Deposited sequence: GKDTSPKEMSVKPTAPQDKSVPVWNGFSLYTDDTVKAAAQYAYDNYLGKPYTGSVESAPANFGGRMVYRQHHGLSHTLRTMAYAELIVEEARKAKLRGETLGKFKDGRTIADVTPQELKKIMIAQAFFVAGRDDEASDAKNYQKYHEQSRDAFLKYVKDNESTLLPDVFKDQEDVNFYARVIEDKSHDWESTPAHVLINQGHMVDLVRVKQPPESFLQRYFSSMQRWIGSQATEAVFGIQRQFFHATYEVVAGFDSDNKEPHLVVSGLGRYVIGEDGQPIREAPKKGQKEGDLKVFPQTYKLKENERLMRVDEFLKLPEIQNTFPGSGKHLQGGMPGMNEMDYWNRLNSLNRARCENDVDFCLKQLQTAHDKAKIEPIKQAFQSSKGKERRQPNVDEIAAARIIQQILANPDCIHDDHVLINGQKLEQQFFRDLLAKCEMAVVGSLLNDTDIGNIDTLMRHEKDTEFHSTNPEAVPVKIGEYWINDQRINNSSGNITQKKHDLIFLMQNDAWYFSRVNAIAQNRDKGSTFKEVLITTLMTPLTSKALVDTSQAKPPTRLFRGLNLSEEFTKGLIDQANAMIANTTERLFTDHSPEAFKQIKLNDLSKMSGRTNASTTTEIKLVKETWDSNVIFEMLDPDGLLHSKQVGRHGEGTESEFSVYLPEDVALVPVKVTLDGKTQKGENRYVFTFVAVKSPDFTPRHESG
């Protein structure tokens, strides 16, 4: 076996302009148009906007194209792990598809159902609609020969073949990657809707598995679920205990259980311990003591259980961590209609989901370290936060020497008690932005309240006026993050304020009025909250580092990246359990930048490390340029390798993309 795979050239559905434009034309000219036929063709309304083709529309189409990218990706990975994939007649496998091929396929995919006039499913209409699809495709190419011509499709003959795949006449069927990726991506999109779902899933699975193997096939179906979430469509449950009749998908038939209580089988061919399961039509009349095989019975058959990882499993439907009511609303949202009518938006959703799906399995592969633990607020602190919020919101409760709020008279000592005994950072974490906004409320009411420095000769200041004027001029839009900033500023800079506040907060003040005590009690937790909510300084999410490597050495590192990438797959039913690369990517260093142009145009680096830091695990420091430290327990795990053109001299330029991950297991 040869586990070689050629290096990808950067091609993707999400970033190629030709493909995008092909989908856009498919939308504008076909998929976004009302159906003109009568079969099950009513437009559907999602959050108030119409989706004219909710089954075979834009989102469906784009999903089929994302599936092609995902299938080829998981096939390549399977070949790299050393598995033996199904072969076409020419000896190729799906792991051998090139970017130039996949791009022709995606463009063809864009028009695969453009030709449908409604949802009629009989064969005379299938054929007409696929002829109409073919014409659409061929019109597209004619109108764009110039750019598509030599550059995407070799010649008309090449164009004519993809046109034939779309037309899908049986006498044109071949085992080719185009034929198979197109039919497969198309049919797997039905998992979202068809019932019983266990029946359809096992069929579609077993049909993919023969091309790409079982572990890849789990990845493709696992990720598909995320694509459905991303495009605001239903994610189906999977129950291995489902009691309804099994549906024999091809032929829409059934299996029958006889009087013995056993499935009826065809006489056994030789070297078969048991005969083939006899497929009956739905018009077959059941005898007495005869019934249909249930889904659960089916999945428990040794021949299915031997071969399908979903036997004995369960997948909850919908979305992990949402209500039914929210989930239902999410499916019925404007976001569904946007996906269905806006190419850019829908591609972006799938993109984001596809990128996340490469990182998430890399995270599940290691014990994440236990984040810090935190005491709950005690009842006093919750009560302190309540009463501050109420005072802020109802400042007319504030009088010269006390607050009167819930039948009680709150005097000076009460607020000093809050400061002495509640932990004000904790109090401050119970407070919210509406509370920050009510600083204005308080300050308006207290406009001429005098706030006195600890300096006896200082002029008393009118804090409310101070606050309020300053906010009208410099934060007139009422912007709340900015109020946080301004409140910190006041605490840091104006000693007439901070001196009295700190003196009271430390119980060593002298000649403090009641209002000063009160105001100190209110502002201190708010200021705490402000520091905290504005000091969340985020490390950049995406960095680039430039290197200058012999192409030989580079190939070394490719083989190692391929080997880590190939071993991490999204699962569906089954589980999970230091290189030249890990040393090289990991060493602390200074030729880093957030600007890709720096790395390419200016430095002309022939090898680029792209570092993704979604979780901000990388200690970095600016020397555009930058220097990066890897915490001991943080590792850069490869996610992707590709050829990204050439340098100015003409040498191949490679990009290795890594993701920063935190684990005890590293150190």
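- Of the deposited sequence, the ranges 1-16, 594-601, 648-655, 700-705 have no C-alpha coordinates according to the record.
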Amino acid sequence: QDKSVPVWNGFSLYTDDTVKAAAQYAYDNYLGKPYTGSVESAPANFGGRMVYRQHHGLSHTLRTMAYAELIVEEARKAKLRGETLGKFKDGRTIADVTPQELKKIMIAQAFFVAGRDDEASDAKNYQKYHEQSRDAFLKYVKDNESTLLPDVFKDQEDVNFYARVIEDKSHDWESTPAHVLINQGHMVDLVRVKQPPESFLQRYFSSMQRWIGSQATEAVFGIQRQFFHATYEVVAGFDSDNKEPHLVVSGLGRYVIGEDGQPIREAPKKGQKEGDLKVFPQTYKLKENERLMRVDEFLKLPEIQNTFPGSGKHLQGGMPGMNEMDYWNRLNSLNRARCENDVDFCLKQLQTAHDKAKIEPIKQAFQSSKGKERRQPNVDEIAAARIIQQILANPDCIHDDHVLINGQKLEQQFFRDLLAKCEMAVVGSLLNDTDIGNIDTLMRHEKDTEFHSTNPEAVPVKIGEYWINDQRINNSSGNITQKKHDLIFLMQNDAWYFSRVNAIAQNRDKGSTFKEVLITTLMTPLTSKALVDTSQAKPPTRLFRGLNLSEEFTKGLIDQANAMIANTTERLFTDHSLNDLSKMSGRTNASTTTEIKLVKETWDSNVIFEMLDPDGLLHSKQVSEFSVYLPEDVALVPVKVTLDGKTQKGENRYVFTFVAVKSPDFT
From here on, numbers count along this sequence of modelled residues.
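- When 226-234 is weighed against 394-402, 394-402 comes out higher, by mean CA B-factor as recorded in the entry.
- A summary of the deposited B-factors shows that, of 597-605 and 58-66, the stretch with the larger mean C-alpha value is 597-605.
- Per the PDB entry, 260 shows the highest C-alpha temperature factor of the residues 296, 570, 260, 117.
- Considering 539, 245, 361, 428 together, the PDB entry gives 539 the largest C-alpha B factor.
- Residue 615: CA B factor in the highest third of modelled residues in this chain (values from the PDB entry).
- In this PDB entry, residue 437 carries a Cα temperature factor that places it within the middle third of its chain's modelled residues.
- Compared with the other modelled residues of the chain, the Cα B-factor recorded for residue 31 ranks in the lowest third.
- Remark: residue 51 belongs to the lowest third of its chain, ranked by C-alpha B-factor as recorded.
- The entry lists a Cα temperature factor for residue 81 that places it in the lowest third of the chain's modelled residues.
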